[PDB]
Amino acid sequence: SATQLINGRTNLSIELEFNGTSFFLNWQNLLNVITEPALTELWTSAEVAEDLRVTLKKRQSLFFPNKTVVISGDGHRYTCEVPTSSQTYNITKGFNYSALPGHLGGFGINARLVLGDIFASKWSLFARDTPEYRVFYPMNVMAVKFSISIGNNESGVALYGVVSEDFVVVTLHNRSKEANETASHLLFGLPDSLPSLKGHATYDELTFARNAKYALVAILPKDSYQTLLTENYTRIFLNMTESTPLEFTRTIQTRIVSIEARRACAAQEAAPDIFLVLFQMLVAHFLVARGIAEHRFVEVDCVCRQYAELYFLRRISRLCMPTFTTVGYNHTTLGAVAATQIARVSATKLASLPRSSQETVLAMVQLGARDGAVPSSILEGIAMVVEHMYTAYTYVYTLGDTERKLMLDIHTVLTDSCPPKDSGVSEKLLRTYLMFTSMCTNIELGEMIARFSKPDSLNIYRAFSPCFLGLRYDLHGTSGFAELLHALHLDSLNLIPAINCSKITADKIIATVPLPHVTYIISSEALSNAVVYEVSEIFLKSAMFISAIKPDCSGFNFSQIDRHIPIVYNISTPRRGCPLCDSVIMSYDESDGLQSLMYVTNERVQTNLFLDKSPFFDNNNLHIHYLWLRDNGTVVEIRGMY
Amino acid sequence: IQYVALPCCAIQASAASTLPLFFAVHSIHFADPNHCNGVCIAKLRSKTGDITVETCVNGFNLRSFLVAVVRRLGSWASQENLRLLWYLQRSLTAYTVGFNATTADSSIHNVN
Amino acid sequence: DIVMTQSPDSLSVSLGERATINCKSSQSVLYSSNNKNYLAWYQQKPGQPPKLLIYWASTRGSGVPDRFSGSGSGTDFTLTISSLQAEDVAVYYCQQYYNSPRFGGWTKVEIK
Amino acid sequence: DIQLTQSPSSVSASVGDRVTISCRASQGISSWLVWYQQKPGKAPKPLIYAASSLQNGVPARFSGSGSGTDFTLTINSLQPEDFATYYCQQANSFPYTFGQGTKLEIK
Amino acid sequence: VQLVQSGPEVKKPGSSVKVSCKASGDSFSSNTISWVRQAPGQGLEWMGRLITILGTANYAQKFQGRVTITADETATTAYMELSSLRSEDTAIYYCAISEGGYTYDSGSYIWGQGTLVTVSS
Amino acid sequence: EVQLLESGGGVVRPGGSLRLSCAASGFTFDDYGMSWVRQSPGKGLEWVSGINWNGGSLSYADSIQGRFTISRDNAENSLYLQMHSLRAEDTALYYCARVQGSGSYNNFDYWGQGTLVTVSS
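Thresholds applied
Residues numbered from 1 in each chain as written, not as in the entry; some residues may be left out. Chains lettered and ligands numbered in written order. Heavy atoms only, no water. Domains from an automatic or database assignment. Contact = heavy atoms within 4.5 Å. Salt bridge = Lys/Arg side-chain N within 4 Å of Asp/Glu carboxyl O. Polar contact = N/O pair within 3.5 Å; in protein donor to acceptor, adjacent residues only side chain to side chain. Helix = DSSP H or I, 4+ residues; strand = E, 2+ residues; numbered from the N terminus. Nonpolar A, V, L, I, M, F, W, Y, C, P; charged D, E, K, R; others polar. Pairing = 2+ DSSP bridges. Axes fitted to C-alpha atoms, helices over the stretch in contact; angles between N-to-C directions. 1 Å grid on protein atoms, 1.4 Å probe; cavity = no way out; pocket = protein on both sides within 12 Å on 5 of 7 lines; lining within 4 Å. Points joined across faces, edges and corners; volume = space filled by probe spheres on them. Buried < 20%, exposed > 50% of the residue type's maximum accessible area, 1.4 Å probe, protein only.

- Method of structure determination, per the deposited record: cryo-EM was used for this entry, reaching 3.51 Å resolution.

## So, the domain arrangement of chain A
Residues and elements named next belong to chain A.
Turning to step 1, where the next piece is worked out: Each domain of chain A was delimited in the assignment, giving domain 1 (11-61), domain 2 (110-295), domain 3 (345-490) and domain 4 (509-638).
Turning to step 2, where the next piece is worked out: Computed over C-alpha atoms only, the centres of domain 3 and domain 4 are separated by 24 Å.
Turning to step 3, where the next piece is worked out: Domain 3 puts 21 residues into the contact, and the matching count from domain 4 is 22 residues.
Turning to step 4, where the next piece is worked out: Along the contact surface separating domain 3 from domain 4 lie zero salt bridges.
Turning to step 5, where the next piece is worked out: Here domain 3 is connected to domain 4 by 10 residue pairs in polar contact.
Turning to step 6, where the next piece is worked out: Those elements giving two or more residues to the side of domain 3 that touches domain 4 turn out to be α16 (423-439) and α17 (442-451).
Turning to step 7, where the next piece is worked out: Among the residues forming the side of domain 3 that touches domain 4, the class breakdown is 11 nonpolar, six polar and four charged.

## Some remarks on the sheet that holds strand β7 (residues 78-84) of chain F
Residues and elements named next belong to chain F.
Turning to step 1, where the next piece is worked out: Pairing is antiparallel across the open sheet formed by three strands, whose spatial order is β2-β7-β6. Here the strands that pair on one side only, and so sit at the sheet edges, are β2 (17-22) and β6 (68-73). Taking the axes of each pair of neighbouring strands and ignoring which way they run, one obtains an average angle of 15° across the sheet.
Turning to step 2, where the next piece is worked out: One ladder, built from six bridges, connects β2 with β7; its direction is antiparallel. Residue pairing across strands places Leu 20 opposite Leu 81, the latter belonging to β7.

## Side note on empty space enclosed by the protein
Over the atoms, a rolling probe the size of a water molecule traces out where space has been left empty.
Residues and elements named next belong to chain A.
Turning to step 1, where the next piece is worked out: There is about 190 Å³ of room inside the largest cavity.
Turning to step 2, where the next piece is worked out: Taken together, 17 residues form the lining of the largest cavity, with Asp 74, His 76, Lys 213, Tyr 214 and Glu 294 sitting closest to its centre.
Turning to step 3, where the next piece is worked out: Top element by residues in the lining of the largest cavity is helix α9 (residues 271-294). It accounts for four residues.
Turning to step 4, where the next piece is worked out: Across the lining of the largest cavity, the residue classes tally to five nonpolar, seven polar and five charged.

## Notes on the pairing of strand β4 (residues 32-37) of chain E
All names here are of chain E.
Turning to step 1, where the next piece is worked out: Counting buried residues in β4 gives six out of six residues, a clear majority hidden from the surface.
Turning to step 2, where the next piece is worked out: By the alternation rule, side chains of β4 split into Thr 32, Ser 34 and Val 36 and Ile 33, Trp 35 and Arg 37, which are all buried.
Turning to step 3, where the next piece is worked out: Across six bridges, the pairing between β4 and strand β5 (residues 45-51) is antiparallel. Paired with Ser 34 across the two strands is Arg 49, which belongs to β5.
Turning to step 4, where the next piece is worked out: The pairing of β4 with strand β9 (residues 91-98) spans five bridges and is classified as antiparallel. From the neighbouring strand, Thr 32 faces β9, where its bridge partner is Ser 98.

## Remarks on unusual backbone geometry
Turning to step 1, where the next piece is worked out: In this model, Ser 7 of chain C is joined to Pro 8 of chain C through a cis peptide bond whose omega is -5°.
Turning to step 2, where the next piece is worked out: Assignment of secondary structure puts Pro 8 of chain C in the segment before β1 (10-12).
Turning to step 3, where the next piece is worked out: Here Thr 84 of chain A, not a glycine, exhibits a phi torsion of approximately 55°, which is positive.
Turning to step 4, where the next piece is worked out: Tracing the backbone through its elements, the reader meets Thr 84 of chain A in the loop between β3 (69-70) and β4 (108-110).
Turning to step 5, where the next piece is worked out: At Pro 95 of chain D, a residue that is not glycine, the phi angle is positive and equals roughly 25°.
Turning to step 6, where the next piece is worked out: Looking at the element boundaries, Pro 95 of chain D is found in the loop between β10 (88-90) and β11 (102-104).

This is the structure:
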């Protein structure tokens, strides 16, 4: 009756009447290799007895290219393997991760294990509802599903992308307000394995570009409103297959910040460029996955570096798209490897290493802390790494090119970090935030305000600054990524309310100076917890109020108000021992507000502020006024350009 | 002396329930291009009881379904399956480069 | 995609005299990740298949006599024979593995 | 500030036996405690760090345990080289401190 | 095992000493230096520690203003300087390396042979 | 060491098919991939196709892209190459290599004895 025994035949035979040869197809082969419900679904989806005129119309609706342009191909090398030595390890079932030597990840792991780690969730694409029905046959794809679902107000193209080890699919569902759809599909991958088309289309006609390995397919109907059809797919394939991995990531990054340049990282009328950018992202992920898949033993260091690059790409893309979603990826074995590798780095060892082995460990931390589980030992390591690079920086007060990348890595490590348990670790992190806000000077702020105004040649991976980790709040065509990167720590600064009792609105707060057992709030407005200090020199239109609240939620120990500027020449270039330490120094001007802040931790610092190459002691104006602060809630003004 | 009765057929817009599902088809009979004047035929031979109901049916979709199944099983494939796929692809390409609106009406071969 | 313009294609030097063989790839075979030179040198004298001589344009292959020594970096390479022997006579090739493999031309040593 | 004590102050363990030295603190020091073994005059030879992880070269005959405020050095087997005046040093706070020294000798 | 330090000294009370500790193996910038003194017949007493990556040092309360631990530029020698050596200060001074956190030394600990500083008149 | 021996050589008709079957031995087949390199008598050498350790990622030449299918099974020690609709100038001495590493292509460390095919009439 039903399907269970309808196949009493031994096999199915395909026959050609004009040729005296018989073709065969053993029935059990289809039943085992592909599932029975998939087989019946495939037969039903074919529309076997559909009228020829309907298939003709479906043929005319599509748009076809000129020819399958073939190029020398094979691209570049995205692959990295072990450097011809014995550091390779085969994780059998649960091989103990404490047996992995070293603290730099120079060893190698199984490539197939990490492959299954990236692709671990099955999917059933080309469902009965989606317009993938008419184009593609239904298929089961285990992949990392993306999503850029952008709206629902009769706008909102659903760009549900897919990244598999063999192919990349991306779609441009125009849900609109009716049943009809404009399903602009883009495919990229091995031409041999691809989602089979219906009877009204073929790859031999639709393959826009070809390589020795990779083919790009553009299955997009013509009658629909697609201005995107006026572009050279050959140029896209050249830009996507011939550049080095670093150049490809750079081009994706610059395209994304260009989308930021206009309102396209939030709007709808620029849907096709977002669609193409998402496609480029998916094929970059596919290229990385294929490069890892090519070998069988892969180096953890290079893998983690590539993962950090892809992570940063996903972060910036989510920074445009709040709705950006990425599901189905489970970096479990790599996470355990990184955890047990970085559980053997003491806080001193991390600071002692050179700035080429401080990036690898922190990339492992990034990989292992997607959930906010960074160990406190690594938090102290970050603390004294920032201390070391601060002491290096305090000599000439210029910033290089390895330290900014390292600082970006620690920024994204701390951003996706949950609050720790020990209060001392939180205090140390708060100290390092103070060190970063002392790092962000007027010149550095000028570099950022002038630098991000030109996204055409911008590259975030090198355009970083300590202001993207500092406690300064005065962030005030052009890219709007300043606050977009500031919020990644501002909303997740361990215990976000550094202020505890006098809860005041954070609208006109310029600075927070969190010294040990005292907190300073610099704002043009004022709090109501205790007395404040106000500058008498207010002849211009500005307000500068500073309050000193205790972390123990208590008022001032002394009620004396200044309301004046004490002028004295005291405390010149200090003596030996430790006269000034664990303190901060302000710098403000009557024409710009707050200029800079400085934190001192060791003798080298206060010996080093008084250099001619320091940002301070410059002749911009006749009148600059410094401030003296220490960790007991008193303000004494310093006058004198010595 | 049996082969197929008429390689040229005509489709009628009433063969919905007459589709016997993929598992009742004893054979599928194609046609070479320009042998039925650009008309795609499938002539499935599905036995019901003892009567083999021969059915005129669209060819593009059946060929593409065959391509789909062979490609999906291509992980575990066979050489005869490989040249079957080669036949299917070459015949489909020959048909689509020979496909036009004037040949898109199979009803002109209905037996009078 | 990347080819080798191997010159000179025919050189002759006396016994024991330093021999210089060049190889020029179109674009760089230097991999910026490993900071390595992906290129190899092979010796074929007619009769039996070639033999490896250089691993990464610097590293010396296993079982090779010590006279040969790789050099160069990027788009310039050189297989310098410290001393040339009677049994040394052969032809040489250079290949890459950055992109798809693409062997070079030919260069046969000769004895005056 | 931080203060520790050791008990017992004297052990007449002969050889090849089990000896326990308790090191009781007065606050919480997590598990950062270092056991030493200093013969007279010579430098101390630290044995266990993190109160449970053996130092390099140190024989497995030493095994420590405990955390928070109670720690312990259960030496499984005894050799005359082991015989010395031990010290448990907290490695958790400032003004670090040692124990008064378990005076362990032969019976 | 063990490090290298200066020799034994006997010195007039009221003077200063410069007992030094040698790096036995890798460089000293990786670890932190703790100086521990032990009077004869007594238990050891922690004096001070120094995180040499920053150069910051912190010592106990009794030895405030007397013991000053500093690191050489090359990060291979530790210079402990004890000012105004006053009467009872005889001790077999020891230097201990320790690689660890910001305020707690967890990882490593190895000790030098220790110089025998004596007061004799 | 490792010796690679090919089989199936002979003379073929223009526009045909043929099986090239290299039979590797003496080493773990799975870890290292293999490749094909033809030796036209006038020229000296040219690479053809390549398969990785498992057989998923396949690399192919340019002028012959599409006509060739390389298939290598990890379990049974064998590497096979099929050519379809080969032209007249595809006559050479075909060689199977022992590509170092796990990628589809790399420096080749042992080369086979070799068998030659020809397209004649």
